[PDB]
Amino acid sequence: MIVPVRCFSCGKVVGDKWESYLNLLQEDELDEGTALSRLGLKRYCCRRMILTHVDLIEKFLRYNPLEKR
Amino acid sequence: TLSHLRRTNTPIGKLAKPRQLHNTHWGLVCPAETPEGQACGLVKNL
Amino acid sequence: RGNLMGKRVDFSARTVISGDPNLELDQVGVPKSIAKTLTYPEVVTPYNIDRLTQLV
Amino acid sequence: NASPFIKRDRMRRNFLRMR
Amino acid sequence: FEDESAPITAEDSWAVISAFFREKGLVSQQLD
Amino acid sequence: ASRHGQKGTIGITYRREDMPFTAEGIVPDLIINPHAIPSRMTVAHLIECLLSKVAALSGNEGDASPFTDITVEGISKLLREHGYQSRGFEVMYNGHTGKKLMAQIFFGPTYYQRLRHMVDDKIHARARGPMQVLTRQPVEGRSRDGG
Amino acid sequence: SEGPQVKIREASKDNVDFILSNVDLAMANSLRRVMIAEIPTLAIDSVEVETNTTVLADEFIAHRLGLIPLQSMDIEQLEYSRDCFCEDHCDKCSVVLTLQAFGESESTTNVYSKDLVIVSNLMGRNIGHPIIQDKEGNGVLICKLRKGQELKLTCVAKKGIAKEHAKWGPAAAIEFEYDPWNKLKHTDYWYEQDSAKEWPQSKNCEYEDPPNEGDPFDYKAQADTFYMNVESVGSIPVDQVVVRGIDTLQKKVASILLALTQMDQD
Amino acid sequence: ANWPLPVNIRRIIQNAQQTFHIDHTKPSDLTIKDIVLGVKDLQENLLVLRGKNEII
Amino acid sequence: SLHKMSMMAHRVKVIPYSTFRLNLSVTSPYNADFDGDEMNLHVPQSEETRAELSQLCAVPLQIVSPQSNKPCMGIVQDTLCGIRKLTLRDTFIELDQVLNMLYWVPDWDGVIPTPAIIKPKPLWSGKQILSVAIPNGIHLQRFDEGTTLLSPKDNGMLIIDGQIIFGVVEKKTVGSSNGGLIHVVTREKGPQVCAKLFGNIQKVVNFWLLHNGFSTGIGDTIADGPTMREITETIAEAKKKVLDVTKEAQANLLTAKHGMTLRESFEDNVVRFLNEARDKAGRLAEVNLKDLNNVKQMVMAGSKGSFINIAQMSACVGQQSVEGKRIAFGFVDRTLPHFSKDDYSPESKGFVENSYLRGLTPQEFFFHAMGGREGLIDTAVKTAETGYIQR
Amino acid sequence: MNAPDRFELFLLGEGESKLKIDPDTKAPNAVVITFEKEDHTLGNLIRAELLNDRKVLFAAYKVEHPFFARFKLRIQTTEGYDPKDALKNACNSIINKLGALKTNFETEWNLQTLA
Amino acid sequence: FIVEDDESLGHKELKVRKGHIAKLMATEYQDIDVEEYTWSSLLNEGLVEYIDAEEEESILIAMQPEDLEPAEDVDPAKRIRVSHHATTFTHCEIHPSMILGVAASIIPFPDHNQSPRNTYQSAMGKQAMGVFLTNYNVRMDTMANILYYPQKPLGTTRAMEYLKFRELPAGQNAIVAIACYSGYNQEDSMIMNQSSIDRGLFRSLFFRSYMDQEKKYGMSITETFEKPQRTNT
Amino acid sequence: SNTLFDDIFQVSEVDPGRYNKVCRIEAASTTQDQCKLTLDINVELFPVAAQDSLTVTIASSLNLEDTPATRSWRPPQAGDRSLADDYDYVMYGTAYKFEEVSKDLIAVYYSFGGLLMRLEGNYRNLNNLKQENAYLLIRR
């Protein structure tokens, strides 16, 4: 629902590359493969972590908080 | 949930063969989506 | 048929089976929780007074 | 050999480029 | 594209399918 | 289970240093048996793994729709263009010793589903417990400490 | 010196690509396994949640926090918590971080690992800081807050190894190759028409002479000249992964020697 | 010719050949009368029913 | 639990996980898989039941089934594939791996066998190391087709004093078959020695297959270009024969076979031609497959798969049948609305000319779905009726 | 629920020793040493180093079950050579080779200036 | 689809053309100012038609438009396909993959599978774990299973784009080796990586909701939600 | 100990079969016109071509001293002298069949771990071979 911290297979930290992955797609107009290779994800185990991730936390954040401070 | 909302049921005491996938089922019910149990062929999905 | 010819019994266990090439042919790998639940009543003898005392 | 990729973002971009 | 009356391909029909699911949805029979 | 009727339970879990590894250091998340393939004739599992490998290497999600003109040879050509063996095999190494396996291993991403059958919701034992009111036999159901 | 030889082909901040020569297969594989699973590292081990109004579960957040790479340069100065005489944790065996995030903005506030604040006394060591790698300066994206949501929690990070849990592993993926030309015939190459054409040559084939295709099979040749590429998660520098792996394997063998001498003296 | 029968005679013959190291060149110590009488008394020793009357 | 071998007595080994663990060879009498199968345990509570449980219901005592006077437990799956691969003539094992294999056998006597090759390198064959698991005094002799005392194909089986002389060890030797190694060992040495044989063979073969590896892939389902052209020509000439028979029947020049009508004889001829087409294409694909083909290796070992699986994955799925006949005209005089009326062509009435590798056309997909649905219905009905019959 | 603690992969328990040496009655001058809380990482290294010893006739290791972090190491040496001394020599040679490897890697890394 | 005479081209052709496809895509990308062109627009212009099984008996349907409509070297990797050798079509299939249901549309390459395996997967796709709804936090369902990290499949069908499978996935892309590694994956078992499990592979949330009411049987026989004490209970 | 059989053979043909490491050679003796050999050879360790002259020897033991396997094999020590030092390819195996081809010709079958040989000839030179284990020493 949010980007995993580490790649499942090898353990490379991919959780810090998610926000820069979206920038490479929306304002640099790169295709997904070049955006993955630019971030340093050269193993397809790491590439499937970012490429196949679904950001379901954005849908969860549209609901109003139950306990609002 | 999507499969449950498009599920059909055929109540079964006749001499027909309602469990087999008929020719006329093309494009109307799924050719391979049915329970493996006693409801095989009787429960169909659109 | 449901109560005399067959019936539910005590001292029985059920879980998923998995393969183990490192077990013997006549060996079953029993979970430790299932082993702690299931019991055998061993009669106390001079041959097993010490082991049964330790188990108690 | 046909391309075995569902690439629908780039076709949306192309169709918006026609518009 | 350039020709309005050109015949469609197998790829174009998915657009038609999209229009179907833009109007019916997957539970259209129950609601109807 | 995979998306092809290939269900099964976890026999054992190995850590990363015990799993086989490729020359790129990639270890599987999952090892399934070859003997599940030929009798079940699940070719689409293999094509799905090959297409998913090409998809992950290229960054474009694979078109796995049924009646399209997508062949195994096209996916194999695309995989060879990425510098891998065209049929999905990879030279793997034994994790216990570091030696190369004599047979090369089919390797790649595959979509797997976690089914709702857990062992912890199914493990059950009863030495003694409550009895039924009528027959005075052990009750039914693991939630009631049944027999 | 006489023994295993190292020729580093490439060196980076988080990658070292080297050729380990004049060494057996077992010791190279043992070094690979020790780097993967045996190097002590600092990682967040326990999370005490005070406030959690996020859309993520407490245990979800705790699992994400365990996988945050923390600085572990001076991890040998830290003690294992099982070997410490404190009650739960202290400065001698743990590093206490805190995380206080509030959604005060209308847009979504991202909670990063740079927001983790060390509140324990480090005693001048070089541990506990979350590792920052990207150019933006933020860390790993921990959570996301909408307006009015709060996340207040305290992490205790203890030293451990990847055999206990993979969050303690600094080794990422370790590339490990030998005999790229298959001159030892350790693989029988699957093929359809031609094994040489259908199997792509590895990048290490430039570092060995190709076979002369008329010479007999060298049955006396053993596996040496390993091509290894260690990648660092970031917890320790990539050279310290290799050095600490050699040290850990050496300590394991020395512990075996010590146990052997202790039961020899009895 | 092939039918299910109790005792595998061929395996017993091979076990005797390999146990006593039959070289199939040295002449045999067996006399023919001994062979015939031994087979006959073996047939009399194959007991399934131990009754001592004509029917059994 | 249809039979007595589906309920047997084991010995407890307490393990630190939540599943029942059991040997792979004992799954065949239990009819047990590991796709979520559950099995019941029962604990005897007295010395009499504990004793007669281990003296009557014990797993080694049920190795040979009284149902078919042959063993019901055998070497299966990965152990069978690895025991075929281990006992090839090409399989030579170097000294370190030989020592690791020898230590993996629990009742190994501690003597390293003299290698089959002394010079220029000490190499042990796989037959030589597998013979360590076989107890001494075991003699087995089986001749396959074309098997002589010299075995050019390395088929058959010769074991003298527990030492493999020749023969690749396959399903005919260590499977649940009469006259195999399991049967001979349990009749000559007893049930406990046969259970130890199961364990020793599994341990040594599983270690070798661990350090050797075995896979299967998409490329194992692919026949080369000339073979695919030959398969297409075979299917095309069978379609030509079907078209000729159709023209003869439509000209009323086809005579009726005795005891059946004109249409029944026509359908029998068409089904025969399509079935022999599928068999010929599959035989071409199987002949094209190399010895390094993994599906071929599994079929040769007998561990999984058969000739028809290779035929359908690689060459041709073939004619789909519902109720023993071709696909009936469920519409008015046609099988699908994409065909014209009165179409008796193979593609109209359910012949799938494509393999699983090449993928089914939508009509072929639907006809194969009808065949699979009929198979599932027949499976459920057969299971219910046979449970009734068994009770 | 039945999952063992992960520290049982590398922590010696109560009443458990690191090594446990038994004489082997199958062959003369042979011992079986049970290594607790170790795995293939130590076993393969020790075995392959023992096979480089010239006076070692047999060296093998096995992990009898992957559930338990322990392995058995069988050593058979020549007459007059204690297998404990063979284990000591193999361990010492591994220590020396690893020290040389550490020094070589440190010098070669210090030669690198692009880090 | 509707197939008409189309005397301009001299042969049967689909009434839907590239202009209608362009209008449909323009409306679709407007949804993500010109005229709204929807499915009912196709229906009202006679481009598509609704056919039931009775009317399907009196029509001839082409499988594909570009193959069976126009009048007639081949790739050996492609499957063998006939063109039916007849040009009197009245309709065309919109796409043959729409013969499948919701569960079977998840299957990648179902035409490369044996049909019982497709049936088994259509059964077991309902037993998978994913995110059934995005408002599970505010729903007190009796049982709910949510994966930590759902991933959209690398190999995906066009049809599941309408099934919202890439938005609410029900699985993970696992790196899978097909190998006889240790003998612990025999008879449908699989060896999972423990290190991958430690990093969250297939880790899931489980929710269970317990309902309880205090019911008034009568005057004095009423239930109360309270913390009981051993002294008076 | 001593040589049970020794002869020089010329390889008539080499059949690889379906193997990659083992080839079955068929050779005929040069000194005797009716003694011939069919033998499986690991050709990666010992490559054999057609029309190759091979000295083929059968021995009951490798040590130079006379005989006094039940003894555990050990790796060869430095300075160990054996008959194998005089040859290029040494195999060890079991005799498993002694058949009579004719009134004079007998054939002996040996199995070196599954590598088979059939050696036939009459009995004035093959009478040393008996149902035991033997070494096959081949030099080129």
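In this document, chain identifiers A, B, C, D, E, F, G, H, I, J, K and L correspond to the written order of the chains, with residue numbering beginning at 1 in each.
One rule holds in what follows: a residue touches a chain if its C-beta (ideal position, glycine included) is under 8 Å from a C-beta of that chain, and two chains touch if they have at least 3 such contacts.
Each chain and its UniProt protein: A = DNA-directed RNA polymerases I, II, and III subunit RPABC5; G = DNA-directed RNA polymerase II subunit RPB3; J = DNA-directed RNA polymerase II subunit RPB11; L = DNA-directed RNA polymerases I, II, and III subunit RPABC3.
**Q** Shared touching chains for subunit C and subunit L?
**A** Both-contact set = I, J.
**Q** Most C-beta contact pairs, which chains?
**A** F-K
**Q** With centres defined as the mean C-alpha position, give me the subunit A-subunit C separation in Å.
**A** Averaging C-alpha atoms per chain gives centres 50 Å apart.
**Q** What is the distance, in whole Å, between the centres of subunit D and subunit H, each centre taken as the mean of its C-alpha atoms?
**A** Taking the mean C-alpha position of each chain, the two centres sit 85 Å apart.
**Q** Between subunit K and subunit L, tell me the centre distance in angstrom, where each centre is the average of that chain's C-alpha atoms.
**A** Roughly 68 Å separates the two chain centres.
**Q** In angstrom, rounded to a whole number, how far apart do the mean CA points of subunit D and subunit K lie?
**A** One centre to the other, that is 21 Å.
**Q** Show the residues in subunit L shared as contacts by 2 or more other chains, in ascending order.
**A** 20, 45, 72, 74-75 - these are the residues of subunit L that touch more than one other chain.
**Q** Considering subunit D alone, which of its residues make contact with at least two other chains?
**A** Touching at least two other chains: 1, 6.
**Q** Got the subunit E residues that touch at least 2 other chains?
**A** Within subunit E, the residues that touch at least two other chains are 1, 26.
**Q** Show me the residue ranges of subunit B that touch subunit K in the complex, using the header's touch definition.
**A** Those in contact with subunit K are residues 1-4, 6, 24, 26-36, 45-46.
**Q** Hey, which residues of subunit I end up touching subunit C in the complex?
**A** 9-27, 32, 34, 36-47, 50, 58-60, 73, 79, 195, 198-199, 202-203, 206
**Q** Taking the complex as given, what residues does subunit K use to touch subunit B?
**A** Contact set of subunit K toward subunit B: 52-53, 56, 93, 98-104, 110, 115, 118-120, 122-123, 125-126, 132, 163.
**Q** Under the definition above, what is the set of subunit H residues touching subunit I in their complex?
**A** Where subunit H meets subunit I, its residues are 4, 8, 11, 14-15, 18-19.
**Q** Write out the stretch or stretches of subunit F touching subunit G in their complex.
**A** Listed in rising order, the residues of subunit F that touch subunit G are 15-17, 21, 23-27, 80, 83-87, 89, 91, 93, 95-104.
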